[PDB]
Amino acid sequence: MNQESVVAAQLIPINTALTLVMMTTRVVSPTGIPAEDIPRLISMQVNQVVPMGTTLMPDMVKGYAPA
């Protein structure tokens with residue numbers, strides 16, 4: 001019963017096309033984008049230099065949005 005948020009699997013610079021090799025899941029705080037968006041962030045770049053271990057936010061992804 002833990003919310004798994006997207007976590008920069010590795011260094012992710014600004015305007016970096018997110019990839020399944022650059023994203024992952026991990027219980028972090030505060031929580032950000034849901035792991036259920038993993039396949040959503042894919043192909044989508046970031047609107048900021050997000051370093052590894054840095055939780056992914058819905059306000060840190062370009063062309064992102066809910067459903």
# chains A, B, ... in the order shown; residues from 1 in each chain; ligands from 1
call {"tool": "residues_around", "arguments": {"residues": "stretch 51-65 of chain A", "least_positions_apart": "6", "cutoff": "8 Å", "atoms": "only C-alpha atoms", "output": "list in words"}}
result
residues 5, 6, 7, 8, 9, 10, 11, 12, 13, 28, 29, 30, 31, 32, 33, 40, 41, 44 and 45 of chain A
call {"tool": "write_last_selection", "arguments": {"atoms": "C-alpha atoms", "output": "PDB file, in the first residue's frame"}}
result
ATOM      1  CA  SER A   5       6.485   7.514  -7.811  1.00  0.00           C
ATOM      2  CA  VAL A   6       8.794   7.878 -10.787  1.00  0.00           C
ATOM      3  CA  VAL A   7      12.421   8.285  -9.784  1.00  0.00           C
ATOM      4  CA  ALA A   8      15.188   9.393 -12.116  1.00  0.00           C
ATOM      5  CA  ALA A   9      16.966   6.100 -12.684  1.00  0.00           C
ATOM      6  CA  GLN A  10      19.903   8.198 -13.822  1.00  0.00           C
ATOM      7  CA  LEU A  11      21.049  11.733 -14.545  1.00  0.00           C
ATOM      8  CA  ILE A  12      18.414  13.483 -16.623  1.00  0.00           C
ATOM      9  CA  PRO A  13      19.254  16.899 -18.085  1.00  0.00           C
ATOM     10  CA  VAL A  28      10.210   8.735  -2.136  1.00  0.00           C
ATOM     11  CA  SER A  29       8.986  11.846  -0.362  1.00  0.00           C
ATOM     12  CA  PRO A  30       7.474  13.906  -1.399  1.00  0.00           C
ATOM     13  CA  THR A  31       5.887  11.666  -4.003  1.00  0.00           C
ATOM     14  CA  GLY A  32       5.661  12.751  -7.623  1.00  0.00           C
ATOM     15  CA  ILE A  33       4.507  11.339 -10.940  1.00  0.00           C
ATOM     16  CA  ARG A  40       3.681   7.846 -20.251  1.00  0.00           C
ATOM     17  CA  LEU A  41       6.860   9.758 -19.498  1.00  0.00           C
ATOM     18  CA  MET A  44       8.620  12.748 -23.086  1.00  0.00           C
ATOM     19  CA  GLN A  45      11.465  15.070 -22.165  1.00  0.00           C
TER      20      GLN A  45
END
call {"tool": "select_by_dssp", "arguments": {"residues": "chain A", "states": "strand (DSSP E or B)", "output": "PyMOL selection string"}}
result
chain A and resi 5-8+12+23-26+34+46+50+55+61
call {"tool": "residues_around", "arguments": {"residues": "residue A:39", "least_positions_apart": "3", "cutoff": "8 Å", "atoms": "only C-alpha atoms", "output": "ChimeraX atom specification"}}
result
/A:20,36,42
call {"tool": "select_by_dssp", "arguments": {"residues": "chain A", "states": "alpha helix (DSSP H)", "output": "list in words"}}
result
residues 38, 39, 40 and 41 of chain A
call {"tool": "closest_residue", "arguments": {"among": "A:46, A:16, A:37, A:27", "to": "residue A:1", "atoms": "only C-alpha atoms"}}
result
A:27
call {"tool": "atom_distance", "arguments": {"atom1": "atom CA of residue A:24", "atom2": "atom CA of residue A:3"}}
result
12.9 Å
